[PDB]
Every structure is written in C-alpha cells, then in structure tokens.
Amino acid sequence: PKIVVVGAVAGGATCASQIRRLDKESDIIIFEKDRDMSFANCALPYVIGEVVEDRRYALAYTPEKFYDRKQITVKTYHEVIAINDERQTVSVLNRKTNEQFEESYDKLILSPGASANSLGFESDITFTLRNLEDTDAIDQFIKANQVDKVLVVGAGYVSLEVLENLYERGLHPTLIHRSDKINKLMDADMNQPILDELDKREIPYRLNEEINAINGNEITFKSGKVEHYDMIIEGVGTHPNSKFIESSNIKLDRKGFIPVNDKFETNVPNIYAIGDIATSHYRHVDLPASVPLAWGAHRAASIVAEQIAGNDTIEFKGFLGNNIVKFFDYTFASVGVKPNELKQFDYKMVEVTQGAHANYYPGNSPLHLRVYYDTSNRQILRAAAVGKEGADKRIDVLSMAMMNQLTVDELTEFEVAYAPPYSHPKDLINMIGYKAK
C-alpha cells in the first residue's frame, strides 16, 4: 500500500519505522509541519537544564538519514491542511514555498498530537515548550539576554520538569499556578513533597495566582503583586491538533480528539489515528480513556503496523494510564482511573507508608502507597505512590496486576524479591492486601 503519515515524532515516525520492518516494498511518506522529525519530546526539559548537551540525544534522525536507513520519505515544513477522504488524498502546504498540493494514499495514519496552550499575552519574553524548535529558542533567549529570573506558569509534569531544570542550570525560577491543584494526575493530598522541595531550596511559588498584565519585563499579577522577570515559560495545558481534520468525514469528539477502535481505526476505512490525538478505553474498566503519553504512542504505532503489514489479529486491549514524574528528590506515580473518575464506582481506599527498604540499611525514605478498589468485585481501580525511593517499582507491579485483573486481596500473594536494600518480607504491596481484609 501507499502509506501517508501525518506527524513525524512519537507515534508517526515510530509507526512508519515499524511498518518498514514488516513491509519493504510499500512507499511511505510522512508530512511534518515543523522543522524536526524524531525529536525526544521527553528529553526537552533536560536539554533546557543542560543535563542533555549532546544534540544526538535530542534528535534521533534527520529526514536525509531516515531515508538513507529506512527508505521512508519525510517532508518537514509540510503542513497537512485538509483530509480529502472521499478522494483518498490529503492536501498539503509546503511552508517553504507556500504552495499546496494533493498527496494520494492507500492507508493514512494520523499522529498529529497536541499543541501547547498559550495565555495569549503579547510578549517577547514568554515561551511554550513542545518541540525542539521551542527548546532552541528558549536556550537562545537565555543566553542572549543573560536570563536569571524566570517565571514558570502551570504545575503539571512539564512545568515541574522545566522548573527543576531551570534551577539546576543556575537560574532563579518562581512557580505560579491558577489554583492549588498541582500535578493533577496524582491524588491531590499526595503532592505536598512538591511544595516541600521548592521550600527546601528556597524556590518561591504562589498558588491561586495568575498573570494579570505584562509590560516588557514588568509582570503584574492577580494577587496585586508586581515583579520583574527576564523570561516566562507557560505550561498551561495542551489542545489537540485536529482543526485540519474537521472538514473531513472523520468523527471527532466534542473536545477535538479522534475515537478509535482496538485496531486504531477511525470511522473512515483505511484511516488510522494514534498517539495523543486518539481516544480509546481503559483495559480494566468499561470507561473511555485518553492517555496522551509515550507508551501509548509507541504501542499503538506497533499495533497499527501489524494491522497494515503484519498480523492483524493483534489488537489493543485498552489503557491503564500508568504515569510518572520526577521532581527533585521525589517520584510521583499513578496508574488506573483518574481521581475524578473514582466517583463512577462504589470504592474503598487502603494505604500504607513505609520505608522503601530496610530501615537499617542506609538511605531509607518513606514510601506512601495508596490503592483504590471496587467494592462490588474487589478489583483494583487506581494506585498511586510517592516517595524518594521505590515508587516506580510498586506502580509497575500494580500496573501488571491490573492487567491480569487482580483483586486487592490477591496482593497478599505477590511474591516480592526481598533483601534489605530492596523491600520487606511483607512488601508495601503485600500490606495493602492484608489491610484490605
């Protein structure tokens, strides 16, 4: 088949590569509206912090190299502006020449992802972070203007990682957020260590705070405060890149995302959608799910490649929503339904706080583990863990448990790998099972 892909990053480049593993004859073309393909989205805050200094970690390929290795044609600075599904073409704008053309397809794969929201101010010192273009602009602005004070807006994992990296770079960030609901994939009462880490390092923050007005470097806030900043990075959520799809026959939900089946098919034959733009369902409960993260983009890319060029019995079984962020010394992880989705179930909660490992052995830190379960069938609905140590481990175990439909009571049977540096004879996971009695 002739394969056209929209978006040349987490879902798109991966999918195209996986197809090429299976099918060496098909023509494959990817359109990407911006400058770079295959950049490491997750690495970007660390590039800003000068933790990653080697370009080759920020950018896996150029189009020239992708072609040389994989015989996949990637056209950057080409923006798909309409999908002519009845004719099986897409309309493409070459941004360099400002001419548009039609490209035909046999199979079309949509992985356009999302764009960062902006607060809308007219300001030369304000930036968003979504791609490597962004990252380079930020790094350049910092050097050209000898930036010291940075205002970081928003309190999701992107802003938090940006904040940490700005600090390690030697700058002086302040964090504001419009409410007190920070890091909202995590249970609201388990986020205190974020504030403790800011406090310990004397990093100012203000919650229930917003930008009210901007005058050059003079920033006036909703609280009435007036301060001077060298730069602003806004991390105020994202929106799906789906405007270009609206005229087509592809079905979009009211929020601009694309519902798909377990084969990542849209309602239109021969058109797939994957990554942040796609919505699906949870694996462990009968509810809709959107999990705009890297695992989902890569897994869908693999499934779509099998659908097109491999074993088409391979289908998605739904999301669990496993997610994690590091902030200074702490790890915050969760899996399962979102806090706001718990109310659709009759549920109970169990929790334990305990050293990640042997108290005696060096370097312990309390790890808080919380598990919500369905009273009707004792199935695990959500888990969350926060601690300096051991959190990623317990959440991955619980992810695997939820995959196999484990009950909370069966957590007593989990056979942990025990020695003093790693856990306990009855692990936190085991204690959750015992306490659920």
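For every residue, the number given is its place in the sequence shown, counted from 1.
As listed in the deposited structure, the average C-alpha B-factor of 128-136 and of 355-363 is greater for 355-363. Looking at mean Cα B-factors across 49-57 and 402-410, the upper value is held by 49-57. Remark: of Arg299, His78, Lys326, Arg254, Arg254 shows the highest value [criterion: C-alpha B-factor in the PDB entry]. The residue among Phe221, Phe316, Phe332, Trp295 whose C-alpha carries the highest B-factor in the deposited model is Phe221. In the deposited entry, the Cα temperature factor of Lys24 places it in the highest third of its chain's modelled residues.
Looking at the C-alpha B-factors along this chain, the one for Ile258 belongs to the lowest third.
In the deposited entry, the Cα temperature factor of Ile182 places it in the middle third of its chain's modelled residues. Sort the modelled residues of the chain by CA B factor and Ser111 lands in the lowest third. Sorting the modelled residues of the chain by their CA temperature factor places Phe66 in the highest third.
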